[PDB]
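Fold and geometry: a report
The residues making up each chain are set out below.
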Amino acid sequence: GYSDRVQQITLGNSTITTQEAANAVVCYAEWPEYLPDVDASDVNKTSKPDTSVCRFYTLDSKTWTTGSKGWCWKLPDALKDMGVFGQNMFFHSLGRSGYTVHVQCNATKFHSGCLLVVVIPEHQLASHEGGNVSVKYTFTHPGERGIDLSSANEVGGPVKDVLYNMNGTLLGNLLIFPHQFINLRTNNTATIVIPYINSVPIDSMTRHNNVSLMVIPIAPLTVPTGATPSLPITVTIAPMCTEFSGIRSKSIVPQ
Amino acid sequence: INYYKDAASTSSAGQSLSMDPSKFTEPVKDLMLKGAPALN
Amino acid sequence: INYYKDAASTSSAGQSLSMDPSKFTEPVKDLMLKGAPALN
Amino acid sequence: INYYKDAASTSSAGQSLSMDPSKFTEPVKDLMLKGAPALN
Amino acid sequence: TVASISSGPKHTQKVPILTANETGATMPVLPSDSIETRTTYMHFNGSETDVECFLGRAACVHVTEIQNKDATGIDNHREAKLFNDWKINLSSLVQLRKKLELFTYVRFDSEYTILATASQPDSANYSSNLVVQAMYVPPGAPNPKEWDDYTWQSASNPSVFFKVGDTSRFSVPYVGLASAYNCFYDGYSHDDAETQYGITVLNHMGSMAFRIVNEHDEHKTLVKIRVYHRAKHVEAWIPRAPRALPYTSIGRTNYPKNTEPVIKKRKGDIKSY
Amino acid sequence: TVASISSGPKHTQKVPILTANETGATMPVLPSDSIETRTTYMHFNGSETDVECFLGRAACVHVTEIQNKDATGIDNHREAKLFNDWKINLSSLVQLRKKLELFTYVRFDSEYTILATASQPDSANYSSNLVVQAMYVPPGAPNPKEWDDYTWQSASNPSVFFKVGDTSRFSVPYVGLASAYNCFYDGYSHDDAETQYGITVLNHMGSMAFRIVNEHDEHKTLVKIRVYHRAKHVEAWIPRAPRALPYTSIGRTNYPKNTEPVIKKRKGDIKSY
Amino acid sequence: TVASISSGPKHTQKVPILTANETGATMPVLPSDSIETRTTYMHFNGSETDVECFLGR
Amino acid sequence: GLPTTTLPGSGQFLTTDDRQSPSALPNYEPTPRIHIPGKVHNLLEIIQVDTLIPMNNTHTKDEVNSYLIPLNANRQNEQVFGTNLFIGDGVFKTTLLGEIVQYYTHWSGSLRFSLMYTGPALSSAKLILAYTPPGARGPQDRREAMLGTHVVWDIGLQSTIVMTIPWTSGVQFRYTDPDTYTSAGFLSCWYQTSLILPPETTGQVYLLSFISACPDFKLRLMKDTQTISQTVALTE
Amino acid sequence: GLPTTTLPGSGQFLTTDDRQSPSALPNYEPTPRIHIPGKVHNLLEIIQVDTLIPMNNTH
Amino acid sequence: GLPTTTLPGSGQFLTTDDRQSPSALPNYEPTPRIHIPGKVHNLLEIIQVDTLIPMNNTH
Ligand SMILES: CCOC(=O)c1csc(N2CCN(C3=Nc4ccccc4SC3)CC2)n1
Ligand SMILES: CCOC(=O)c1csc(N2CCN(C3=Nc4ccccc4SC3)CC2)n1
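Residues numbered from 1 in each chain as written, not as in the entry; some residues may be left out. Chains lettered and ligands numbered in written order. Part of a larger assembly, values for the part shown. Heavy atoms only, no water.

Determination of this PDB entry was carried out by X-ray crystallography to a resolution of 3. Å, according to the record.

In structure tokens form, the structure reads like this:
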């Protein structure tokens, strides 16, 4: 009586149940694991807070309306302030982590709408100015708020044009990245497990984000007659196999 | 025959002949069998 | 000795030394023996 | 393959892979053990 | 290898063509799951689509130019073409760039090839024969200042001398600082409020000072340098969506404003053929 | 091997020399069936009549020309010889063409050879040294537009750079779409009422853009390109009647009107020697 | 080859970090004598610092 | 001294040749490789992942909406969409498949075309997808369409339908740049019965459509893509 | 570096010589051969088929 | 005479390449080596000897 459909994920002191899942994706078919010695470089023993950092943090909720263009969060940024995960983050020189991402959106059998939930490794954004204008730090570190693709261009911020993925590629091809759809008629959640993907064994958690999670409405939300025209979307994310190394004074970052 | 000492100096590599699209085409956690229902 | 990897890059082929004109000179359905009458 | 008769004409030598800094880093007459007191 | 097996009529409870794309998988459906097929063999290996093959041919990565002329009274050799540099990068001419950016991280040895041809746009009695000297000059080393500085001694820095009209060829090991040259980088060099973004922060590979070794003749000679790059021993990770809009800058993802629709509009209906 | 066996007088009921040609056969009659012969050996193998040998020597297949000159103010490089193409085909110079069309289908690898020589028809101080860059550009790829377009980057398209006066040589695998390059084709590309006919429909192989890499000197230089083609690994099927009338067009069988009698008229009678 | 071995807390009478430089030696102290380390390998031979290489171009 | 002769081609530079060269950095030791998920070995590995087709191409500036094929409730017998199958051009051209095919001159193989339905769960519909092999015109009505390769799709719990365009061809390779002789057919879709929405519901519903290549597929003779060009070198 | 000497004829192009060359299309896979009746191997095979002689040349 | 083809790079001088050369002094006998204390093999040997740092740079 197991269905692909019902699932339970327990991680730390927190549990999620979905009764309307559509399997789960594990990026590149690899599950998060700690850093092996053969791959290690820094000689420091690392710190593995385990259950105090590897639990589920639910970010603040978004509201899908008929005019929504899509939202974008960066990792580990989105979690920069969650509990002890965040403290560890500002206090060590280097850290590394994988995540379980669970995006939630329920409706009824009269609604229609379909969101794309995708994880993009190394999502370098484009400046809407063109040329070689850079995208300032603050703009690519929105924190739990994430970036709202239907917000206005700002100065020093990225471009927010959806048919171009914020980088000069077409929305249609985002499907080459680990992703899952939430089609109100099928699905009510999306779950993706992200292994740590980098060109170095461990890195800085503040100067470099290693994935952007993106939720994009593709088939517009259509509510039943005289229904309220909107649904909330909630994102809950859990660091998994986290390791921190090179402890010290506590980083100070712009803004 | 390599005439040179360093590995960078050798010619192109030879075909992976690796080929396994499943990391890209089927990264699902619970295995899906073709023919069985997608969602049970 | 081939110095190159691809087959197109090798020199000319070597003599068929095949040679069988009968597909062209005697494509008849019932075999004709020289010396026997052509039409019986 | 050396094409030439004299040794000076051969290519560069190949890595010492000798490496022993102690003549430079520890030329002391009575041996010092790390962890034991420097001056007894 | 069979490309298609033989398959006949079906009347089952087992439907391989109905799936749920919401899952993120592309189910491996074949012609024989939905029509009746006959056996056929592949006759093919997929040799020429190997990434080593795809990135393994020489591509032009840079065209520069230097001139041989009397430097007498030139206050700025660099500025007169008495010599020129090249802040090594691979993303300045777009053909090879789009190919590499199909991947996120890439690792390979480089083989370069350098063609130099001369031009004599104004009245010369003859064509002189010039020797070029391209110096690999890495980050933290003396930047040549004049076309005949002590720098050109290049006692510790690899340099090649070849003749204009000829070609020079050498290959450089993989020299990225990490395990793989990074194609994209969503980071900064530090948490500064105004530091740049992208990859121009990461991969630093250093210049390449080119100069003519010859002193000047009576006429002037323009030498134009073309650098070709071939990846050998390629390794690529994490495929990405291909580049759709035009490029504006070496190392940022930025596209031009008021660009044009990249998807061709139908001449007719959705229903049109 | 015997070329003739010994044979003596005959008085038989078995007549090998009477046949019925209406049958379509050529009965294998020999000297020894009708005169008295002596033994003789062949001393010969027929080596130099092998089709690999017959089609295996280089033949000139194309002569084109490009010039190096100041492109300043040229509105159409292609039109000024700043560069030129070659819609690859083999049936434009007739010598090799008649040889190939002795067969209906032919399959082979090609080895090309490209000779480039320069001419300076009007007053020059000297002969410059130019590098040619012939780009293989296949159907569906950017057509070069100027002599120095992004196209010439040729990051994915094989190109060779050689010097004028020298020769370039490379060989291309067999690249026909079918199992054998077609010599004749009695068809159309589709059942259209006005579509063309012949082979120009089938075998498409793409251009070859040639250009000089050098910028301009003070004089102008004419470079004339000759492409030679040698078949290697030849396979030929279905012999046909040799070409009798002159050719008029690359890919059609058409002969010129009011052509001249191709059979030599006797100077004398049927009875004449 | 290991570049660093794994080493944990220490509370000893055996102090490798106190020395007397007046002796002329450079005592071979390592990260693992004064912090807690994890194993890591060298992955490197020191090929390009050989004097033949240094004076050989 | 051993006697030699040099052949035609000496000194040429062929961008596609593969030989040894001296290393400029003798004895240098590259950084160790660490493990990174996601390694690609063949472009054939990636063109089997499906991506969305902007089928609804009828707009005037690129929009998320050209990915949506609309469906109308209560229409009978009628046609949902049509397209030829020049995978190197037109709708296909910006898709990952289209985009890679363009790096090669010839392609052969089967294509997989699937449609995922996004209408309310309490609605229902039956569509027919038809592949018309080369030689006939794009079908003009379902009767015409239904006589060629087709699948009646019944919209249900299982949200997507995967249609395969089996390789139907005389010649074993086709050109990726559109060519007549070498052309591959048409793909059309019609109401089999009709879309029906539940009460309290209204308007258009959309289908998303994807394209990917079957394991069948072959691509050969690499060349340059018409999809990217430039007028001056970029700088930093 | 192995010592060599080049002979007279170096650099010449003889249309009849038969040597190896680099392939411009590294790794390309040609179309499979299928069977076709009629293969010719030697011109000696075909000159044994008889054909008509315009003997009456007098026109 | 063995057929050859020369590749791109022929005739170049790369200051970092390592090949054989003819000896100008054929048959000459170098002076014997005697023993000298202090041989260095790697620069890695010497950077492990400590030296003083002008830390007080303020002059
Ligand atoms: C699409 C964006 O990616 C890039 O631009 C990119 C990715 S790797 C790359 N390299 C790394 C290899 N290299 C190098 N050449 C040299 C040439 C001459 C002399 C010394 C070197 S030492 C490294 C060229 C630039 N650049
Ligand atoms: C008598 C009528 O038959 C013909 O004209 C005929 C029959 S086969 C034939 N080829 C097939 C082989 N080829 C080719 N060369 C190239 C040259 C340079 C670069 C790429 C190629 S890719 C194919 C030349 C034309 N043409």
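Moving on to the interface of chain J and chain E. The partner chain E presents 11 residues to the seven residues of chain J that form the contact. Note on chain J versus chain E: buried area summed over both sides is about 760 Å², and carbon and sulfur give 57% of it. On the chain J side of the contact with chain E, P8, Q12 and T15 of chain J bury the most area, a combined 56% of that side's loss. Counting across the chain J and chain E interface gives zero salt bridges. On inspection of chain J and its partner chain E, the count reaches four residue pairs in polar contact. Residue classes in the side of chain J that touches chain E are distributed as three nonpolar, four polar and no charged. (Contact = heavy atoms within 4.5 Å. Buried area = accessible area lost by both parts, 1.4 Å probe. Salt bridge = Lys/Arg side-chain N within 4 Å of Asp/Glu carboxyl O. Polar contact = N/O pair within 3.5 Å; in protein donor to acceptor, adjacent residues only side chain to side chain. Nonpolar A, V, L, I, M, F, W, Y, C, P; charged D, E, K, R; others polar.)

Residues and elements named next belong to chain F. The buried count for strand β5 (residues 103-119) comes to 12 of 17 residues, which makes it a mostly enclosed element. For β5 and strand β11 (residues 221-239), the ladder comprises 15 bridges, and the chain directions are antiparallel. Within β11, the residue paired with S110 across the bridge is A231. Sheet analysis places β5 next to strand β8 (residues 167-172), joined by six bridges and oriented antiparallel. The residue bridging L115 from the neighbouring strand is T167, located in β8. (Buried < 20%, exposed > 50% of the residue type's maximum accessible area, 1.4 Å probe, protein only. Helix = DSSP H or I, 4+ residues; strand = E, 2+ residues; numbered from the N terminus. Pairing = 2+ DSSP bridges.)

On to the site of ligand 1. Residues and elements named next belong to chain E. Every one of the 13 residues lining ligand 1 counts as a neighbour, but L90, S91, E101, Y112 and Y181 are closest to it. Within the backbone of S91, a nitrogen or oxygen atom sits 3.2 Å from an oxygen atom of ligand 1. Within the contact set of ligand 1, a nitrogen atom lies 3.0 Å away from a side-chain nitrogen or oxygen of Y112. Compared with its free state, where it exposes 610 Å², ligand 1 has 95% of that area covered by protein. (Near = heavy atom within 4 Å. Areas by Shrake-Rupley, 256 points an atom, 1.4 Å probe, with all protein chains shown as cover.)

With that out of the way, let us pick up the site of ligand 2. Residues and elements named next belong to chain F. Taken together, 13 residues are adjacent to ligand 2, and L90, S91, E101, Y112 and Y181 come closest. One of the backbone nitrogen or oxygen atoms of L90 is found 3.1 Å away from an oxygen atom of ligand 2. In the model, a nitrogen atom of ligand 2 is placed 3.0 Å from a nitrogen or oxygen of the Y112 side chain. If you tally residues by element for the shell around ligand 2, the top one is β5, at three residues. Of the residues that constitute the shell around ligand 2, the class distribution is nine nonpolar, two polar and two charged.

All right, on to a nonpolar patch on the surface then. Nonpolar side chains collect at one region of the surface, where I1 and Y3 of chain C, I1 and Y3 of chain D, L2 of chain H, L2 of chain I together with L2 of chain J lie side by side and expose about 800 Å² of accessible area between them. Relative to the elements of secondary structure, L2 of chain H occurs in strand β1 (residues 2-6). (Patch = residues over 30% accessible without salt bridge, like charges linked within 9 Å, V, L, I, M, F, W, Y side chains within 5 Å.)

This paragraph deals with the arrangement of the chains. Between chains E and H lies the most contact-rich interface of the 28 pairs of chains that touch. Chain D makes no contact with chain A, the minimum C-alpha separation between the two being 21 Å.

Next up on the list: the sheet that holds strand β2 (residues 13-14) of chain H. The antiparallel open sheet is built from three strands, whose spatial order is β6(F)-β7(F)-β2(H). A single partner strand is all that each edge strand has here, and the edge strands are β6 (131-135) of chain F together with β2 of chain H. Where β6 of chain F meets strand β7 (residues 159-163) of chain F, five bridges bridge the pair, whose relative direction is antiparallel. Pairing of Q133 of chain F across the sheet is with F161 of chain F, part of β7 of chain F.

Here we come to the pattern of salt bridges. Enumeration over the complete set of coordinates arrives at 46 salt bridges over all chains. As a salt-bridge pair, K81 of chain E and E65 of chain E come within 2.6 Å of each other at their nearest N and O atoms. Of this pair, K81 of chain E sits in the loop between α2 (77-80) and β5 (83-84) while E65 of chain E sits in strand β4 (residues 59-68); the two residues are 16 residues apart in sequence, bridging distant segments of the chain. Judged by relative accessible area, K81 of chain E falls into the partly exposed class, the value being 25%. Measuring nitrogen to oxygen at the nearest pair gives 2.8 Å for the salt bridge that ties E235 of chain E to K39 of chain H.

Below, the discussion takes up the packing of aromatic side chains. In this structure the tally under the stated criterion is 28 aromatic pairs over all chains. Ring plane angle 75° and centroid distance 5.3 Å describe the contact between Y164 of chain A and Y255 of chain E, whose orientation is recorded as edge-to-face. Here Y164 of chain A, found in the loop between β9 (147-148) and β10 (179-183), pairs with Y255 of chain E, found in the segment after β12 (221-239), and the two come from separate chains. We note that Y164 of chain A, like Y255 of chain E, is buried. Their ring planes at 70° and their centres at 6.2 Å tell us that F83 of chain F and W152 of chain F sit as a pair that is edge-to-face. Of this pair, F83 of chain F sits in strand β4 (residues 83-84) while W152 of chain F sits in the loop between β6 and β7, placing them 69 residues apart in sequence. (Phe/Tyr/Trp six-rings, centres within 6.5 Å; stacked < 30°, edge-to-face > 60°.)

Glancing now at the interface of chain E and chain H. Opposite the 82 residues of chain E that make contact, chain H presents 99 residues. Both faces considered, chain E and chain H share a buried interface measuring about 7900 Å² in area, 59% of it formed by carbon and sulfur atoms. Along the contact surface separating chain E from chain H lie six salt bridges. A salt bridge links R230 of chain E to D18 of chain H, with the shortest nitrogen-to-oxygen separation between them at 2.6 Å. Counting across the chain E and chain H interface gives 48 residue pairs in polar contact. Among the elements of the structure, β2 (18-19), α1 (51-55), α3 (94-100), β6 (103-119), β9 (167-172) and β12 of chain E are those that each provide at least two residues to the side of chain E that touches chain H. Looking at the side of chain E that touches chain H, the element that brings in the most residues is β12 of chain E, giving eight residues. When grouped by side-chain class, the residues that make up the side of chain E that touches chain H number 43 nonpolar, 18 polar and 21 charged. Summarising the sheet, β12 of chain E and strand β3 (residues 39-40) of chain H pair through two bridges and their orientation is antiparallel.

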